[PDB]
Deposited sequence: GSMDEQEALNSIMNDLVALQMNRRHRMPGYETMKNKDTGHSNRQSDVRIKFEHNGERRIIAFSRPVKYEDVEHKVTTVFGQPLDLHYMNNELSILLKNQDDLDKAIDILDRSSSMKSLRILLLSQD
């Protein structure tokens, strides 16, 4: 429930703002299909996109899933930040990424 409370708190603060190896393991989530793929450091963003396209056969958006640290990964920088977050966490063992289609 730890992850749950932390989510519900995130949702609350968001709505209340209505108007005022050392390989990186990425857990991919696409229509209930978990897929864990490891990436060696240094992890390149375009290679991750490349991997998604191959494995899942269609262009998918990467939604980094971490309550108020969640973000649409659009660039090397975004990814490195997610990777850093995971490095400094005591509980997380993988980067969680929800896959959605842009259209």
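Parts of the chain sequence, as deposited, that carry no C-alpha coordinates in this structure = No C-alpha for residues 1, 22 to 43.
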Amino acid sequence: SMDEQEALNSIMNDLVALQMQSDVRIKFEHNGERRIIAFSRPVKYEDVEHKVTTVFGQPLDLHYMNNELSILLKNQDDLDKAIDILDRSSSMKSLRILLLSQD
From here on, numbers count along this sequence of modelled residues.
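Would you tell me which stretch averages the higher CA B-factor in the PDB entry, 6 to 14 or 79 to 87?
-> The deposited B-factors put 6 to 14 ahead on the C-alpha mean.
Given 39 to 47 and 63 to 71, the range whose Cα B-factors average higher in the PDB entry | The deposited B-factors put 63 to 71 ahead on the C-alpha mean.
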